[PDB]
Amino acid sequence: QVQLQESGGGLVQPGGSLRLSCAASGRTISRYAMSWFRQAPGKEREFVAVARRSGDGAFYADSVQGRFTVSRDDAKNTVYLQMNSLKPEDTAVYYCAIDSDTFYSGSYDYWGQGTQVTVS
Amino acid sequence: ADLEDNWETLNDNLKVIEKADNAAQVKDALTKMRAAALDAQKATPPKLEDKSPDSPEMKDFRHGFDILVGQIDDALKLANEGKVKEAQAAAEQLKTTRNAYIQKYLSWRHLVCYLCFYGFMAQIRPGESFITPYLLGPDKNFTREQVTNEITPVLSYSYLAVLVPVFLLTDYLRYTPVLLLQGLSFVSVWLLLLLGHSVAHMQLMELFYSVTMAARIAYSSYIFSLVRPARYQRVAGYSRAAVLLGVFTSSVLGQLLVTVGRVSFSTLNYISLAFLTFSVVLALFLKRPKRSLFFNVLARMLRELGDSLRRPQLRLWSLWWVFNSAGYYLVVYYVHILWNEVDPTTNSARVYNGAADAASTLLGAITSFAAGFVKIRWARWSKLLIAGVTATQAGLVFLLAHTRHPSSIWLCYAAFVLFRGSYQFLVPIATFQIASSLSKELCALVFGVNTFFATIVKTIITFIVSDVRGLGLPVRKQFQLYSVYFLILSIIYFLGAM
Amino acid sequence: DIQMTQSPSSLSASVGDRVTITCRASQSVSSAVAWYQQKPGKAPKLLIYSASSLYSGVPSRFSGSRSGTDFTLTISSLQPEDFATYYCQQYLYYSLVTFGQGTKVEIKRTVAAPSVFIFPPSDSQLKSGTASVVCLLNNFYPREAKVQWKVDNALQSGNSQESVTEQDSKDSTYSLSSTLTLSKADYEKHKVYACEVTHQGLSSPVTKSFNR
Amino acid sequence: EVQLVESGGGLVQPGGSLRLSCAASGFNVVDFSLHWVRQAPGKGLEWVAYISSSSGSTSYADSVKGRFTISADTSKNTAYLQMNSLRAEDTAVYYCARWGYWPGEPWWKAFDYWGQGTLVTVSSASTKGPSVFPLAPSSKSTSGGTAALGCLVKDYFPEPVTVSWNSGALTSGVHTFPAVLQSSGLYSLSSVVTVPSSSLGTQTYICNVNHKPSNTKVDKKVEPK
Ligand SMILES: CN1c2c(O)nc(N)nc2NC[C@@H]1CNc1ccc(C(=O)N[C@@H](CCC(=O)O)C(=O)O)cc1
């Protein structure tokens, strides 16, 4: 019965910055792991990032490594996505997902809706 | 939990091992013993703190704990092999190491018993309630007017004069020379009571007595500074019980010497001075702490003080504490003069003021044991209980006022015992409701400033009622005016209770 | 007897990162706990003793702390030599020596998709009586995946047998090979033979199938 | 320099007997104590037993109590751990580390001088050769990128077998998985290489295995079906 409400996005400047957000209501975040997806027109469903626990780190993809930043606020149940160095090769609709396993195996049951991100 | 609590749980685990059989499961007991022994090896002792490290007087401490943990090894080596009779050997080895190595660098091992003994013996002043019959007898021949309007108002002014500076010097000197000065002050009070022929001698006697009357809070803060906060609850309870038992034993000893023993007043004061010399010796044999209240942060205390001034309950109970404490102290100051006025008999066997004091202390202890059990919230019984109990106190002061019959001195004593039982039920309730709001430093500060306001109010009412330079009212009209004052207080709190 | 828990059982950090390995005790054990470093195949080595001191022989990039019954190892600079399994060794008596659980640190690396490769059983397995189908996962990170064999679109528990590998020295990636050991019931059971594996880099579970 | 060494650990039967040896070269066994540390394959380290040659303090773990025995001789400068009635849980790696006496710095120093570590195993299955089976690449569908190609060795005992591709030539993409314990009592292992799609059916890949206790050298050829 849970859902993934997101915000942020929009037509930003090329090479600028943006702060994404993905809140969830119905079940807490501090015992789960949230991920981030990307669907460019032509391909489908690439990977962006993931946040494992509170005492652990983040794990990124091949083309977004060392460029994005995943914070996590378990007290407000809203995991942000700090984003810098926006290239025009990332003009896509960013998603948001939740894992249904405490062993972070990748049981993805509930998805997001989408966030229109357009660079220049 | 640095070093002393490890020794406390070591002694508790020793009590678990010793008086219990079935030593197949004392392996957990011996390994908790080993953990408490290894945790308390480098735990910075206070006696070792004044000494420099890597000293040959420090290697004895570490060597004693090393041989203690080695004896724990020799005990647990045979305890795991099925031999269950080695727990007594471990207890005897711990006894030998307690005799030899550990307690030489540790503290005194009977501090609770010694503090209770000091609280029992320094409160024994067996000529306390018999000061007023001593001042109005053939031995000194002072009149009722000279003791009413000239001596005890100077006590009322001197308790204002020595309240703030003696306490300010007290908080800095770590509370042991304050008790030494208190013992010397008791010596001075009973020597001026003995070696005194004029009014100025007893005036200087009350001037020295004001410091001893004001050092209560100092003794309570001495208890707080000597004892750790993880130990303070039970030790403070036994110390307060020892002080109450000492006061009750003092009044019972006064009745047994005056009434039963038929001891004259001079020999009574000589034995009182002997017990004061024992109290001075016990004050000389004390142990001075290191920490104090306000001399061993401040902006947070001022912020938490300002965040409680808008509380109506704190201000209400504080002003009621001030007014009730001023009225109670005035009644306690003048009630012995009232007793000698109602029954001006010269017989020392018929003087039963110490019996009224003992009954007052006993009923106050009974009502104080039943005041911490008052778990009534502030939503229903805040002002109505105040108005009813102050109306009862006003009726009792009115009963004490118009008492003129000679054989009604027993009814006068019973009315005073009921007045003390009505007042002493109120002190732990107010102390619990006020003391459980802020920190302990703020608690001591707020109660000290409220005591200062009560002393101001008592000084003002003493200046109005019983001063020779102002009105100069006779003492029966003075007690009638106190009765009118408590009646006005009862009317004010009854109109404010709605 | 007593226990010695150790929470961050799977760490990952690049060369030049600070890691913290906590170790909670059960009883109030004093300042006597140790820390080990076991390479895969070799012997453990003493690293920290008495919860704060450094052993004579190891470099000064290791340290430790003490917070009641919570002991924590810290590493200032993470050498590539320092990728091993770290153990928590409490010692109080000779016969109360209980260890921790072990924390296997890893090289921080980007998430890749596993190359899900399925293998049909060979022609020699059917002449023996033991049909063995395998699913290969290759070039992915991290280790935690979950392969599920689908026979008639259902879970097959008890008949699977996973085998993960060690860490590669070229690109620090992993590999997995599940093995569904079965009898000669490969014929008369259902004709579907597919393994459904999930991973954080995969949105949809990549399911490879074979028939006939 | 001083060190430790272990001996006497091989393969036994469940319910049989096996003796260990921990020769402490250098230091004596009377100034320091000796210990035994167990490591199950895949699991972590754990403790078994010890002996003190000063007085005798043979105390065991909860899982080995009443089943094992220990002996240390101060003349031969070694320690023995005689075992009998072993079970399947005892299949592990045994260590032997130094740990000193109370008091002083040598007690606070933990297990600092370990040994090489001996390997024991408990199984009822006899030594037999592996049954090598090929794995087809199956490039009939989803082609264009890469194609895997491997072997499947199973039903063999004991553990160490080496799978070499093209007698050590093809080494880029070899993923030799660890030997997983089969539930029937034997062992199984998988190996696979990454063959490019442009040379799937052209180049012939061989599959060389080498089993050292049971003398067999099976070299099979893999091909698409
Ligand atoms: C003897 N009497 C007296 C007197 O008659 N005349 C003069 N000038 N001075 C004095 N001073 C002492 C005495 C009356 N004054 C006092 C002053 C204070 C107390 C007092 O603190 N009573 C406490 C005792 C309980 C306690 O503190 O433990 C109470 O709560 O009732 C008791 C008596």
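We number each residue from 1, going along the chain as drawn.
If you check the header, you will see the structure was determined by electron microscopy, 3.5 Å.
Cβ from N, Cα, C; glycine included.
Marked as transmembrane segment by Swiss-Prot on the basis of experimental evidence: B:113-133, B:148-170, B:175-195, B:200-222, B:237-261, B:267-285, B:314-339, B:352-374, B:381-401, B:408-431, B:446-469. Residues or ranges marked as topological domain 'Extracellular' in Swiss-Prot (evidence: experimental evidence): B:134-147, B:196-199, B:262-266, B:340-351, B:402-407, B:470-477. Marked as topological domain 'Cytoplasmic' by Swiss-Prot on the basis of experimental evidence: B:171-174, B:223-236, B:375-380, B:432-445. The feature 2',3'-cGAMP binding site is assigned by Swiss-Prot to B:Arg216, B:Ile217, B:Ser220, B:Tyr232, B:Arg240, B:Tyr329, B:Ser368, B:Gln424, B:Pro428, B:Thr431, B:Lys440, B:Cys443, B:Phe447. If you look up Swiss-Prot, you'll see B:454-466 marked as region 'Required for substrate-binding'.
Structure with Swiss-Prot features highlighted.
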residue  : record                   : Cβ contacts under 8 Å, 6 or more apart
B:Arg216 : 2',3'-cGAMP binding site : none
B:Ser220 : 2',3'-cGAMP binding site : none
B:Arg240 : 2',3'-cGAMP binding site : B:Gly119
B:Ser368 : 2',3'-cGAMP binding site : B:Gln424, B:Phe425, B:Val427, B:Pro428
B:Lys440 : 2',3'-cGAMP binding site : B:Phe224
B:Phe447 : 2',3'-cGAMP binding site : B:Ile217, B:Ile434, B:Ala435
The transmembrane segment (B:446-469) vs the transmembrane segment (B:267-285): 3 or more CB pairs under 8 Å: no
DSSP residue counts for the region 'Required for substrate-binding' (B:454-466), split into helix, strand and coil: 12 helix, 0 strand, 1 coil
Cβ packing number for B:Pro428 (2',3'-cGAMP binding site), 10 Å threshold: 18
Longest CA-CA distance among B:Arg216, B:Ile217, B:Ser220, B:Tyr232, B:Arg240, B:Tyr329, B:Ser368, B:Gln424, B:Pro428, B:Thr431, B:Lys440, B:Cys443, B:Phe447, per record bound to 2',3'-cGAMP, angstrom: 29
Proximity verdict for the transmembrane segment (B:381-401) and the transmembrane segment (B:314-339), three or more C-beta pairs under 8 Å: yes
Folded-back contacts onto the topological domain 'Extracellular' (B:340-351), same chain, C-beta under 8 angstroms, at least six residues removed: 130, 132-133, 136-138, 144, 258-259, 262, 264-265, 403-406, 408-409, 412, 475-476
Other parts of the chain folded back onto the topological domain 'Cytoplasmic' (B:432-445), taken as Cβ under 8 Å at six or more residues beyond its ends: 217, 221, 224, 293-294, 301, 304-305, 308, 311, 313-314, 317-318, 321, 371-372, 378
Residue numbers, six or more beyond the limits of the transmembrane segment (B:175-195), whose CB comes under 8 Å of its CB atoms: 122, 125, 127, 131, 134, 166, 169, 201-202, 204-205, 208-209, 211-212, 215, 218-219, 221-222, 225, 266, 269-270, 272-273, 276-277, 279-280, 283-284, 286-289, 292
Which of B:113-133, B:267-285, B:314-339, B:352-374 contacts the transmembrane segment (B:237-261) most, counting Cβ pairs under 8 Å: B:113-133
Direct Cα-Cα distance, rounded to whole Å, spanning the 36 residues left out between B:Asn296 and B:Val297: 12
Criterion met for the transmembrane segment (B:267-285) and the transmembrane segment (B:408-431) (at least three Cβ pairs under 8 Å): no
Stretch of maximal Cβ-Cβ contact with the transmembrane segment (B:148-170) [cut-off: under 8 Å; candidates B:113-133, B:314-339, B:352-374, B:408-431]: B:314-339
Stretch in B:314-339, B:352-374, B:408-431 most in contact with the transmembrane segment (B:113-133), if contact is a CB pair under 8 A: B:352-374
Per-state residue totals over the topological domain 'Extracellular' (B:134-147) - DSSP helix, strand, coil: 6 helix, 0 strand, 8 coil
